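Below, each value reflects all heavy atoms present in this structure, side chains not excepted, and no hydrogens, waters or symmetry copies. Chain identifiers are assigned alphabetically (A, B, ...) following the order of the sequence lines, protein sequences preceding nucleic acid strands; residue numbering begins at 1 within each chain.
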Amino acid sequence: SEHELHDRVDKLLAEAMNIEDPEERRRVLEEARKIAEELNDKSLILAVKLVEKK
Amino acid sequence: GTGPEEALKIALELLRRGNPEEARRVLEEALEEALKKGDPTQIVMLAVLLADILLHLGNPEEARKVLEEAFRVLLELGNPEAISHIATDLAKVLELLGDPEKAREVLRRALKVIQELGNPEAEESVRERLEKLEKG
Ligand SMILES: [Zn+2]
Ligand SMILES: [Zn+2]
């Protein structure tokens, strides 16, 4: 289940990388952050933060 | 032209629409260029998506090759956050391949470079991965 959840985050982060509407982009990144912090997995949280910064 | 971001978007759609092999080839081509000319975030997300698609296609050794190639490049690009993600996904694929010893080596090498770069969040991230290795 954890690997499936990691995959879900990675796909949301890949999606956010090309989203043009800034508010749509925030929402998708928030979906990713939500999963990562619910898992309390520091590496997945940091994966979201890397893309948030870009 | 189809930059890394455009290739990610196309691949996500093709994967979801039942075309994983075509998603794979779209990312393989983009990653080839990003490894020479792309920034660390572009490299990371192309590589972790491509590798996971290969994993679930049943090609885990190809997934490892993709992550290992990206890992070697990202170790020199000065971004500890990018190193954390690529090493985490590489170590997990090595575990799934039945090679936990190389998973440890990957994480220990990532931690050493991250410590040299100076980023406590990236270092706590890789340390936690080293702890959570007791899985299969
Ligand atoms: Zn997966
Ligand atoms: Zn990942």
K.L.:
Under 3.5 Å, is there a donor-acceptor pair between the side chain of A:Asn18 and the main chain of B:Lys9?
P.N.:
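No.
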
K.L.:
Is there a chain of hydrophobic side chains (I, L, V, M, F, W, Y, each step under 4.5 Å between heavy atoms) that links B:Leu14 to A:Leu12?
P.N.:
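Different hydrophobic clusters.
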
K.L.:
Taking B:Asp89, B:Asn79, B:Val48 one by one, which has the highest count of heavy-atom pairs under 4.5 Å against chain A?
P.N.:
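The residue among B:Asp89, B:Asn79, B:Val48 with the greatest pair count is B:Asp89.
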
K.L.:
Assigning hydrophobic clusters by single linkage (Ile, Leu, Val, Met, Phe, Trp, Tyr; side-chain heavy-atom cutoff under 4.5 Å), is A:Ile45 placed with B:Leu130?
P.N.:
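No, because A:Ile45 and B:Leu130 fall into different hydrophobic clusters, even though each may have its own neighbours under 4.5 Å.
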
K.L.:
Donor-acceptor check, side chain of B:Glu5 to backbone of A:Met17, threshold 3.5 angstrom: yes or no?
P.N.:
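Flag not set: sc B:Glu5 to bb A:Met17 has no pair under 3.5 Å.
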
K.L.:
What part of B:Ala122 gets closer than 4.5 Å to chain A, counting heavy atoms only: side chain, backbone, both or neither?
P.N.:
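Contact with chain A: backbone and side chain both.
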
K.L.:
If you define the side chain from C-beta out and look only at heavy atoms, does anything of A:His3 sit under 4.5 Å from B:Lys92?
P.N.:
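Side chain of A:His3 against side chain of B:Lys92, heavy atoms only: contact under 4.5 Å found.
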
K.L.:
Looking at B:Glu101, I'd like to know if its CD atom is crowded, meaning that more than 12 non-hydrogen atoms belonging to other residues, nucleotides or ligands lie closer than 6.0 Å.
P.N.:
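Result for CD/B:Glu101: open.
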
K.L.:
Any side-chain heavy-atom pair from A:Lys11 and B:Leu49 closer than 4.5 angstrom?
P.N.:
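The answer is yes, as the side chains (C-beta and beyond) meet within the 4.5 Å cut-off.
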
K.L.:
For atom CD of A:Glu38, is the number of surrounding heavy atoms from other residues, nucleotides or ligands below 6.0 Å larger than 12?
P.N.:
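Enclosed.
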
K.L.:
Please check if B:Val26 and B:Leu46 belong to a single hydrophobic cluster, counting links between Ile, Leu, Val, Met, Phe, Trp and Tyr side chain heavy atoms closer than 4.5 Å.
P.N.:
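Different clusters: B:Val26 never reaches B:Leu46 through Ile, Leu, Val, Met, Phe, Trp or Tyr contacts under 4.5 Å.
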
K.L.:
In Å, rounded to the nearest 0.5 Å, how long is the span from CD of B:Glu121 to CG of A:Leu46?
P.N.:
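Those atoms lie 7.5 Å apart.
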
K.L.:
Are there over 12 heavy-atom neighbours, none belonging to B:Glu69, within less than 6.0 Å of that residue's CD?
P.N.:
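Count not over threshold, so no.
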
K.L.:
Just how far is it from atom CG of A:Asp10 to atom CE of B:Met45, taken to the nearest 0.5 Å?
P.N.:
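Rounded to the nearest 0.5 Å, the CG-CE separation comes to 5.0 Å.
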
K.L.:
Under a 4.5 Å heavy-atom cutoff, which of B:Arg127, B:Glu124, B:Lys135 has the most pairs with chain A?
P.N.:
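Of the candidates given, the most pairs with chain A belong to B:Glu124.
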
K.L.:
Out of curiosity, B:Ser125 OG to A:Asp41 CG, how far, rounded to the nearest 0.5 Å?
P.N.:
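It comes to 7.5 Å.
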
K.L.:
Identify which part of B:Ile10 has an atom lying under 4.5 Å from any heavy atom of chain A, answering side chain, backbone, both or neither.
P.N.:
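Contact with chain A involves no heavy atom of B:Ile10 at all.
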
K.L.:
Let me see the working for B:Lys132 and A:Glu2 under side chain to side chain contact (heavy atoms under 4.5 Å, CB included), right down to the final yes or no.
P.N.:
CA-CA 12 Å; B:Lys132 268 214 235 173; A:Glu2 281 188 317; 3.8 Å; yes

K.L.:
Given that the side chain runs from C-beta out, which part of B:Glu13 has a heavy atom under 4.5 Å from chain A: side chain, backbone, both or neither?
P.N.:
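Contact with chain A: none, neither part.
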
K.L.:
With only heavy atoms counted, which part of B:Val44 is less than 4.5 Å from chain A, the side chain, the backbone, both or neither?
P.N.:
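The side chain, not the backbone.
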
K.L.:
Count the heavy-atom pairs under 4.5 Å between each of B:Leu96, B:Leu8, B:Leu15, B:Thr41 and chain A, then report the option with the highest count.
P.N.:
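Option with the top pair count is B:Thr41.
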
K.L.:
Could you walk me through whether B:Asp52 and A:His6 pass the side chain to side chain donor-acceptor pair (under 3.5 Å) test, one step at a time?
P.N.:
CA-CA 10 Å; B:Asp52 195 62; A:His6 186 125; over 6 Å; no

K.L.:
Can you name the residues of residues 47-54 of chain A that have some heavy atom under 4.5 Å away from a heavy atom in chain B?
P.N.:
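Counting heavy atoms that sit under 4.5 Å from chain B, the residues of residues 47-54 of chain A involved are A:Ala47, A:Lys49, A:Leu50, A:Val51, A:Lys53, A:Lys54.
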
K.L.:
Could you look at B:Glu128 and say if it's the side chain, the backbone, both or neither that has a heavy atom under 4.5 Å from chain A?
P.N.:
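The side chain, not the backbone.
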
K.L.:
Could you please state which residues from residues 20-30 of chain A sit under 4.5 angstrom from chain B, measuring non-hydrogen atom to non-hydrogen atom, sorted by number, or 'none'?
P.N.:
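The stretch does not come within 4.5 Å of chain B.
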
K.L.:
Does B:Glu61, at its CD atom, have more than 12 non-hydrogen atoms belonging to other residues, nucleotides or ligands within less than 6.0 Å?
P.N.:
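Result for CD/B:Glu61: enclosed.
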
K.L.:
To the nearest 0.5 angstrom, please state how far the OG atom of A:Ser43 sits from the CG atom of B:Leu107.
P.N.:
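Result: 9.0 Å between the selected atoms.
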
K.L.:
Counting heavy atoms not belonging to B:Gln115, are there more than 12 under 6.0 Å from its CD?
P.N.:
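Buried by this count: over 12 neighbours within 6.0 Å.
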
